[PDB]
Amino acid sequence: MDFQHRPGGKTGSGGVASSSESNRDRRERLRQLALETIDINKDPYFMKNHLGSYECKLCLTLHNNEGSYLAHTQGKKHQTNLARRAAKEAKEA
Amino acid sequence: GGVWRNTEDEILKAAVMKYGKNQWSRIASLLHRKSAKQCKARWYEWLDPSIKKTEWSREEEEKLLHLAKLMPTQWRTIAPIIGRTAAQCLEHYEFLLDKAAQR
Amino acid sequence: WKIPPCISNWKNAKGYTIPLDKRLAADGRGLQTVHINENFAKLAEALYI
Amino acid sequence: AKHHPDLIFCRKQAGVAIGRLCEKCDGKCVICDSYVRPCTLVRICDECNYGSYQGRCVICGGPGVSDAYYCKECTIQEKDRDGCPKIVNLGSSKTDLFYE
Amino acid sequence: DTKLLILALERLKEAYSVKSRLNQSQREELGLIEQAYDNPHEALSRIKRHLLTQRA
Amino acid sequence: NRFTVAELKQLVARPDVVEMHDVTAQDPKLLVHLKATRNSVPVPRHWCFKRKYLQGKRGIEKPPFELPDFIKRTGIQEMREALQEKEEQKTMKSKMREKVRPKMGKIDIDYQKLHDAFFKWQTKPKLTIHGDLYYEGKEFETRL
RNA sequence: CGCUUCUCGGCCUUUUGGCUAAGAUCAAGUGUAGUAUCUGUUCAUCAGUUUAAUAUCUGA
RNA sequence: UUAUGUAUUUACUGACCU
Ligand SMILES: [Mg+2]
Ligand SMILES: [Zn+2]
Ligand SMILES: [Zn+2]
Ligand SMILES: [Zn+2]
């Protein structure tokens, strides 16, 4: 044997996990990803509810996963129909 | 198949925003269907923020119709020269303009 | 005598440092100064005729 | 069953013939379709127990092994005092799977 | 015509006789080979579609 | 054919229930008799709405759940939150390592405390009588 | 009062440091019956149809 | 701003299934 040039591994490793634990970790990882991206975007309308789903709060729209929320940033422009609420906020420009 | 719907395009935009450019296995590690080859292929083929994916000009069309006569195939050699550069946006231009020069 | 930060593709160091700009990080990451020699034309139609 | 909503029961008068369940479905209740608390034997009609159809599974129509039962929750709701619970039609499952 | 697609699939399926094969790339390569087997006319129309109109 | 809420409200011995739709029934007098019979409960409020009975619970964020007190006096919430918080720090390396070399006795609380909490310390909750049907707000009208 | 320099604080990249061959590799799911939710998408006066009430047809 | 019709993913249900 090449004890030097064999593909190494460490003792007591426990091994690489099955598909269920791997893609559960993928969903938690992707949750942390989308949370930090909306934190960098400083979005004040992202809400996560009592069961791990996502809501456009001005929109009042539900979203199963992360890319269902952050692909709801383009349609149904209440995002600029808050110009009416800004006109109620201030009667001028 | 490589269908590339929107809920993976926007996650790819977030991943390239986080991880980087020459690091694709680490962002194919969160897409459940895609490999890193397909991630490179889309982010340089469709999602690159330098891609001017609309606005067909008039200077680039008179450019390409006697740039795709110099080297008649080869829309990956003349894609950076045109700079429309998606290499099939050029092929869209060339087939549309040879429909409109035929009708 | 000040230095820009590092906008690497692998860092594994202090700050990976993403502003909004400084993403292309080159001229355009590619240029060929005329991008084509014109003799291509003097070949191509020469075969065409 | 409750899972496949298009399965229809026989519902004729229950005779003296005791129902049977296949080896794949032993312990299943027939109506509520669970495993615990079996309380009451199954009596099936004479048309759904004739000749070739004797000792055959109530649900699957496979060869029966053990006797069939209702739950206590089917018993005290008196879902055993309706017709015979012999599932008649085979529809839209274990047919297309046979064609697959 | 089918008699040439069968040759191409044999000449490509020959490259997989050991089976410590890779994560996707060559498993999806032989997945493409056996999908070309189980419907030769689907692949044989895809070849003509690829072969008139795709040049990038 | 459909005599209106005026006369239909005039005929009935209890006119205080006849509504704007009860004229549009197919038998009005018995409908407002059974609507005014003694201990019935009414049709839910959302039979005429457009919102599928609870899709108005959109943007309000609510607390997770209050455990009842006899369960909280077993310490199960503190042990369970502690090991959830300790498990949120683990990587897949140690989540797969302590899948095959498991440390046990993480909770090991006792059996007498749990038996006492369900049997000695059982609390009757605050129930309600059979009329008090549920509508959509119903807990944000706590003003009564 | 104004101007330049110095020092203390209120502070807006700090990731575990470096180098090798990006160190090196990897990453399979079905079929069935049903729902929920995004995105795309569009929304002139009678008469009877219909509906709890409302909203198609026809009428000038 | 409730809402439709659809193209259309994503989630979810039934101890569904060799
Ligand atoms: Mg080692
Ligand atoms: Zn039962
Ligand atoms: Zn029968
Ligand atoms: Zn059976």
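Method on record in the header is electron microscopy, 3.4 Å.
Note that Cβ sites are derived from N, Cα and C of the backbone, with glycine treated the same way.
According to Swiss-Prot, the protein carries these features:
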type    : residues : note
MOD_RES : A:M1     : N-acetylmethionine
MOD_RES : A:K10    : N6-acetyllysine
REGION  : A:1-27   : region 'Disordered'
ZN_FING : A:54-84  : zinc finger
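For the zinc finger (A:54-84), residue counts in helix, strand and coil come to 7 helix, 6 strand, 18 coil, using DSSP. Distance from the CA of A:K10 (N6-acetyllysine) to the CA of the residue listed as 'N-acetylmethionine' is 17 Å.
Residues of the region 'Disordered' (A:1-27) grouped by DSSP class, helix first, strand second and coil last, total 9 helix, 0 strand, 18 coil.
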